[PDB]
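Breakdown of the fold
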Amino acid sequence: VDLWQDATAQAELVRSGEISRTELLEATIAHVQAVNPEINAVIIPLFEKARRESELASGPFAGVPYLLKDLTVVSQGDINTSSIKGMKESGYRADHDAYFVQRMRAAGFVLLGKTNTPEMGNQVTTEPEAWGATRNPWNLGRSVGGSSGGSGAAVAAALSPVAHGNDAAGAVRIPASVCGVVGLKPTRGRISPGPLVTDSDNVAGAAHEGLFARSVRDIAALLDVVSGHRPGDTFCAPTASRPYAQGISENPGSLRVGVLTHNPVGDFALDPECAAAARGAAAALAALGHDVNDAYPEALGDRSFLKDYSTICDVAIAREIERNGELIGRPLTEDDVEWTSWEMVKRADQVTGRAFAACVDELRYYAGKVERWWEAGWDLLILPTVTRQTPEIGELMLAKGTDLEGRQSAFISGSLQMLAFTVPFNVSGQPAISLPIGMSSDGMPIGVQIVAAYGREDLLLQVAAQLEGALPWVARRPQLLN
Ligand SMILES: O=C1CCCCCNC(=O)CCCCCN1
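Residues numbered from 1 in each chain as written, not as in the entry; some residues may be left out. Heavy atoms only, no water.

For this coordinate set, the PDB header names X-ray crystallography as the determination method and states a resolution of 1.80 Å.

Dropping the structure here:
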């Protein structure tokens, strides 16, 4: 069984009869057992559940395995740590299935296990104290990005053809860029993170559930599976007229495309190789007939909003520490979490109701400034997913002694460059996808990001499909896989 086939092809091999559900599953489990030890991607294997669901699985993807991030969404009866030391020791297990999980099972997917993440998803690298660092299949001494680093690495190493993750500042797109896979943060309100309400209304709407895959068609199919308004969902996205798996092949025509190949904020230089990858993709779109120009939302030249976002994040983590404490029946202390997280507890205590409300308003205002660019006639923005070369393991984790006065550790220097080009779209809520189109001169994947207007995943997946055909990446594989 060639596990390098995408989810759609793997589903067909089972439907066709070529392969059995047990063969694919067992072939996948064996692969996981052999390769995962080297990357520490899957932290909680669920082979037994995967085996039970496989026998009962039914639908367009019956028998196809997938991985779930151990954050936000939960699976009934399974361990849930959110990479919190105090929670891992408690042996806590969730009592229900998140809507996302139910939707996947009904589609025929089998829950193979959970993937690693930094504590409560508070970093753009995946090196939690609780589970250890997740390493890059392309280079074991390198980070896999974060916070959905385990899912990104898992898919890159073929531990599964698709996986789940979430994105509040680029947590799906970043790991995708760094690990050479496709990562989509859909329009705000596209995918339900319920029935639970976590992270203070999902970080005031900035946190989106996202998807990982190696093909654009797999992403389109996944959207058809997990999208839609569910009871209690705060946000909602515009409805598509046709299923995404069908519209992906439609010709969008010549679109107004703007390309960004420098850091508009001017507080650091965009890595030349990252810029060249985006430029190359822009050239391919021009060759395809689009109206490509050097242009971008002027709002991107401002990152003042990040200060306001950080304040909201302080409150969200603080209350999340509280929520997890309740799950086990006892308050969590400075000894149950990482020092970076505990520091936010104190900061949260100094945030007033009026201040919190003002910060949220600042996000809405910024979102408006950003979206006005599309309002003015532009259809898509092309830009690098990340702005720097991939960091080495350990590089982004700051020593407890370190003094990062006032702001999120992920929003400073080395970490800032990982999320500077992704976070603006968590604020605007626009659909944004990272495609594994580039490679660094030293063999590390470089993602190219495409952003469409609010709710226009249809156009986004259409152009992504064109780029997939113009600059195919399927031929490239991490050294971990020989
Ligand atoms: O999007 C991410 C990674 C960036 C972390 C930014 C700080 N915000 C939070 O920790 C809120 C929790 C969102 C987790 C998603 N991770």
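The discussion continues.
1. As for the pattern of salt bridges
If you walk through the whole model with that rule in mind, you get 21 salt bridges. Two residues, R105 and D97, come together in a salt bridge whose shortest N-O distance is 2.9 Å. Its relative accessible area of 36% is what places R105 among the partly exposed residues. The closest approach of N and O atoms between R456 and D458, which form a salt bridge, is 2.8 Å. In this structure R456 comes out as partly exposed when scored by relative accessible area, which is 32%. (Salt bridge = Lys/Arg side-chain N within 4 Å of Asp/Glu carboxyl O. Buried < 20%, exposed > 50% of the residue type's maximum accessible area, 1.4 Å probe, protein only.)

2. Some remarks on the site of the ligand
If you check the shell around the ligand, you find 14 residues, and the closest are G121, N122, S147, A168 and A169. At 3.0 Å, a backbone N or O of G121 approaches a nitrogen atom of the ligand. Relative to its free-state accessible area of 380 Å², the ligand is covered by the protein chains to the extent of 99%. Within the shell around the ligand, the residues separate by chemical class into eight nonpolar, five polar and one charged. (Near = heavy atom within 4 Å. Polar contact = N/O pair within 3.5 Å; in protein donor to acceptor, adjacent residues only side chain to side chain. Areas by Shrake-Rupley, 256 points an atom, 1.4 Å probe, with all protein chains shown as cover. Nonpolar A, V, L, I, M, F, W, Y, C, P; charged D, E, K, R; others polar.)

3. Regarding the pairing of strand β6 (residues 208-213)
Burial analysis of β6 places six of its six residues in the buried class, which makes it a mostly covered element. Residue alternation in β6 divides its side chains into two sets, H208, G210 and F212 and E209, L211 and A213, and both sets are buried. Relative to β6, strand β4 (residues 162-167) runs antiparallel, the two being bridged by six bridges. Its bridge partner being in β6, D167 is matched across the sheet by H208. (Helix = DSSP H or I, 4+ residues; strand = E, 2+ residues; numbered from the N terminus. Pairing = 2+ DSSP bridges.)

4. So, the sheet that holds strand β5 (residues 182-185)
The strand order across the open sheet formed by eleven strands is β1-β3-β2-β4-β6-β5-β10-β11-β9-β7-β8, and the pairing between neighbours is mixed. The outermost strands of the open sheet, each flanked by one partner alone, are β1 (42-45) and β8 (291-294). Neighbour-to-neighbour, the strand axes of the sheet open up by a mean angle of 25°, direction not taken into account. The pairing of strand β7 (residues 256-259) with strand β9 (residues 380-384) spans three bridges and is parallel. (Axes fitted to C-alpha atoms, helices over the stretch in contact; angles between N-to-C directions.)

5. Points about the packing of aromatic side chains
One pass over the full model with this rule turns up six aromatic pairs. Each ring, one from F61 and one from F109, has its centre 4.7 Å from the other, and the planes form 15°; the classification is stacked. Linking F61 in the loop between α3 (47-56) and β2 (65-69) with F109 in the loop between α5 (99-107) and β3 (110-115), this pair joins segments that are 48 residues apart in sequence. In this structure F109 comes out as buried when scored by relative accessible area, which is 1%. An angle of 25° between the planes, with centres 5.9 Å apart, marks the rings of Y309 and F411 as stacked. A residue pair is termed long-range when its members are at least 10 positions apart, and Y309 in helix α12 (residues 305-328) and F411 in the loop between β9 and α15 (413-419) qualify at 102 residues. (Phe/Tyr/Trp six-rings, centres within 6.5 Å; stacked < 30°, edge-to-face > 60°.)

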